[PDB]
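Asker: using only what follows, build the 3D model:
(one chain, ligands or ions: 2)
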Amino acid sequence: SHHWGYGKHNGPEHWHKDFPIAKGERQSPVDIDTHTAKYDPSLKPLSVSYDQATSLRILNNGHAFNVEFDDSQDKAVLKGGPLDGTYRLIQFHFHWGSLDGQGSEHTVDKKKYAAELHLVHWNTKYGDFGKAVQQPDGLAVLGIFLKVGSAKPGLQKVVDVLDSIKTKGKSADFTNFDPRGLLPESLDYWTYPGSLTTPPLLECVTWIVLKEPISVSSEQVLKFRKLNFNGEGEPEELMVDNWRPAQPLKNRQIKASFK
Ligand SMILES: [Hg+2]
Ligand SMILES: [Zn+2]
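Answerer: Residues are numbered from 1 along each chain as shown. Ligands and ions are numbered 1, 2, ... in the order given. Please see the structure below:
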């Protein structure tokens, strides 16, 4: 990691040299063993309130693409469930595979989905994202699995802008995108305490992983796979397999919101 990435020489097995927390006590993702996960009656109802979300821009950062939100006001927020207080949406992104049989970060009884959507939120008690990532309860990431089947209509606007952000460092205006169109019907979830799944791997995250996947079409995920990890005018390296494998569960319990 000389810069970190997803290749043989810079990928997840190397991250620990620059980021020793990679071998920490609460790393993500994990495998979700559905039989061992326990219903938790202490969880409150989950509230995903995205009606006033204001997207701004879409960016290829060289590892994935981020759809960024204006988080300067109390707008798109996550609350309830395992969370204490209010968490504000700052960005979402995906992780995906070279083939439909892999791509997710979390696994469910060892099953890998084709991709995984991460809606990233910071705890408003800490003022900003940067202060939030110095806290054990600074972030909440809502994770949603993607399987290949029917198209997700609400994803198409993302897909259709990807040609403008092919390479690392490119961005495009991306206003008026409604992340409600990326959610499944059910909010049933699993939750556990973990980390960022990319460097700096900080152990700040309450993970909330929905049980119900969304379906996206083969054509939609094929367009993800046309993105590039490299920058413009550099040798093409397709942006595929940008997922970290499951990490040791260590001294954690995964709780279920459902019976
Ligand atoms: Hg960060
Ligand atoms: Zn992620």
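
Asker: and residue 61, how far from residue 36?
Answerer: Distance of residue 61 to residue 36, computed by CB to CB, to the nearest Å: 35 Å. All C-beta atoms are positioned from the backbone trio N, CA, C, and that covers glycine.

Asker: and for residue 181?
Answerer: If you go by CB to CB, the gap between residue 181 and residue 36 works out to 33 Å.

Asker: tell me which of the two has more neighbours.
Answerer: residue 181 (15 against 12; other CB atoms under 10 Å).

Asker: nearest residue to that one other than its sequence neighbours?
Answerer: The spatial neighbour of residue 181 that comes closest, neighbours along the chain excluded (CB to CB, 6 or more residues apart in numbering), is residue 154 at 2.1 Å.

Asker: with residue 45 instead?
Answerer: residue 80 (5.1 Å).

Asker: list the contacts of that neighbour.
Answerer: Remark: with contacts taken as CB atoms under 8 Å, 6 or more residues apart in numbering, residue 80 is in contact with 44-47.

Asker: if you go through the stretch 51-200 of the chain in chain order, where are the strands?
Answerer: All strands of the stretch 51-200 of the chain, identified by DSSP state E, counting those that start in this stretch, fall at 55-60, 65-69, 77-80, 87-96, 107-108, 115-123, 139-148, 171-173, 189-194.

Asker: re earlier: what's the burial count for the residue nearest to residue 181?
Answerer: Using other CB under 10 Å: residue 154 sits among 16 other residues.

Asker: list the contacts for it?
Answerer: 178, 180-182.

Asker: for those, which one is nearest residue 23?
Answerer: Set against residue 23, the nearest of the contacts of residue 154 by CB to CB is residue 182 (32.6 Å).

Asker: nearest residue to that closest one in space, please, no chain neighbours.
Answerer: According to CB to CB, 6+ apart, the nearest residue to residue 182 is residue 154 (5.5 Å).
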